[PDB]
Amino acid sequence: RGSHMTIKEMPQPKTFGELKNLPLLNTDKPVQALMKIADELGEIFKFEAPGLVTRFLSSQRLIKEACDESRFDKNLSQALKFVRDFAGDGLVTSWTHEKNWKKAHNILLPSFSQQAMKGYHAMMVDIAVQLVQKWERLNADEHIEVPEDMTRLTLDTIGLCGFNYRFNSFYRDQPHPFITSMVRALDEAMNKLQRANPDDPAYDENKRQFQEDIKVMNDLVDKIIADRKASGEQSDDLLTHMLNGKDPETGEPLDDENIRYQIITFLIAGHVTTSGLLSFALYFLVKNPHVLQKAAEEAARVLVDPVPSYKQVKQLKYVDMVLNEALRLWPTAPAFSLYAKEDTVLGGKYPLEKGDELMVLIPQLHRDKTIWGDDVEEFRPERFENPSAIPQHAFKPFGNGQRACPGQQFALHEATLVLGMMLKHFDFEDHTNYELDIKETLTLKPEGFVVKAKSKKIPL
Ligand code: HEM
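Read left to right, the sequence shown gives residues -4 to 455 (PDB author numbering).
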């Protein structure tokens, strides 16, 4: 009943005196570690660290409440507070109440309109064609390093649709320097929070390396802008709105400083997670041959022209289901954080004070046997045939509310287009019997996943 229930004590994993649980994050796979703890302690547990108290939730029951924007706003997890050192008050790393969140949210959203989207398509195809031709052009016994390639595609794509700028990742056999520095900057951000003594001079090489990478990323931004300054455009894209658009509420455009932060934020946000998704989707597909056949058969049946049209991607009802079923198991942005607007009580049993933080552990949420069934670890896209059979807030890979992913249609449309084309033009083989090894650079990816494609010989 309403509150008939009585105060339950909040489970908590081993503490270590005055560092609390911080030692449990001694691992290069903290999300995976936290999933193990939630397996032990169930739907909710406290997790402290010097200058940090948060609460991890893993049940649809509790996340439903947490996602109630009348009761909880978006919080910056410690992870995001650190990433903020180089992503500034760009969209992902600003607070809802901060002036530049609202300003930029208003100025930029048009870039994700239906009309905008229809125009990104031809460019997505441009890049998608490159990926395919790269794979068409491999010799026999040569293999595909899947995440390195998905990253080439997704970064080239955001670069082109967002900024009219070509990274030409497919013309490099190593990763683009941006990617390299991004990864290091991100991996440092994650490390700064397993650290009890941030100022210990053993970390002074890290610090210097961090500024080195940040300069690398900014020099790319410099290039991106100069290239825009030096031309007449066709483009009406993200960058156009960043440089020229004015807030409807104030009449002001973004300042140069914040513009530089949005560019970094979109370069990262706009590829990183989508690459993870495409890498995971491909994984589950080769690991579940019968599912691949069904998807490949939809591709063949739907993608009848040499290159796909916007309308055709939308007809790929089953590939879409595959993508969603990949996000369910390994949501490439694996957490987001909320705080209580007022003193309250969550789920009838656990009181919170104003300001108290929560963290939605998305991989655990997506594994709630109440919601999905027993076979929770089984990859099965068919769970998505009926959108109404999935409760609200049971499936949340794009976050929640005002601060939900504005890039979601962009991302699925890209992934759907590319996966479709892959399935249409290749037969795949898990020649190594790859063992899944998930790397966490603050987002997730299947590290070292490799496959062999065999061309179906369909011309482009
Ligand atoms: C599979 C692909 C993607 C996934 C899984 C994903 C996931 C998410 C999640 C969970 C959040 C919420 C963050 C939070 O509440 O702390 C978010 C925010 C955001 N995403 Fe995505 N996203 C994807 C694709 C994209 C793309 C393609 C773009 C841009 C082209 C993008 C741009 C952003 C931005 C700007 C935010 C912050 C928006 C705001 O808070 O105002 N994302 N994303």
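Cβ coordinates follow ideal geometry from the N, Cα and C atoms, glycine included.
Could you name the residues of the same chain whose beta carbon sits closer than 7 Å to that of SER274, not counting the 5 residues immediately before and after it, in chain order? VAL141, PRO142, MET145, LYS440, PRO441, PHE444
Could you tell me which residues DSSP puts in a beta bridge with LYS241? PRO248
Just to confirm my understanding: we take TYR160, look at its own chain, exclude 5 residues before and 5 after, and list those with CB closer than 7 Å. What are they? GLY154, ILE219, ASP222
Please state whether DSSP places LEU280 in a helix, a strand or coil. helix
Using CA coordinates, which residue listed in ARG56, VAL317, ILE122 is at the minimum distance from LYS344? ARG56
Check whether the region 90 to 109 touches the region 399 to 409, taking contact to mean three or more Cβ pairs, one atom from each stretch, closer than 8 Å. yes
State the DSSP-derived secondary structure class of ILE58, mapped to helix, strand or coil. helix
Buried or exposed: which applies to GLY83, given that a residue is buried once 16 or more other Cβ atoms fall within 10 Å of its Cβ? buried
Can you say whether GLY46 is buried or exposed, counting buried as having 16 or more other CB atoms within 10 angstroms of its CB? exposed
Which partner residues does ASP222 have in the DSSP bridge list? Answer is none; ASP222 lacks a bridge partner.
Taking Cβ to Cβ, would you say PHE77 is nearer than 8 Å to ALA184? yes
Got a sec: does the ligand HEM put a non-hydrogen atom nearer than 7 Å to the Cβ of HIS100? yes
Within 7 Å: the Cβ of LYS97 and any heavy atom of the ligand HEM? no
Mind checking whether the beta-carbon of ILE385 lies closer than 7 Å to any heavy atom of the ligand HEM? no
How many Å lie between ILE385 and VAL286 at the Cα? 21 Å
Short of 6 Å in beta carbon distance, which residues of its chain neighbour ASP315, apart from the five on each side in sequence? Order them along the chain. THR411
Distance, Cα to Cα, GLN125 vs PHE165? 7 Å
Determine the burial state of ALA135: buried for a count of at least 16 other Cβ atoms within 10 Å of its Cβ, exposed for fewer. exposed
So is the beta-carbon of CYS400 under 7 Å away from any non-hydrogen atom of the ligand HEM? yes
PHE261 Cβ short of 7 Å to the ligand HEM heavy atom set: yes
Tell me the DSSP bridge mates of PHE421? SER450
Is it buried or exposed for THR245, if we count other Cβ within 10 angstroms and need 16 for buried? exposed
Have a look at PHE40 and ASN319 and give me their C-alpha separation to the nearest angstrom. 27 Å
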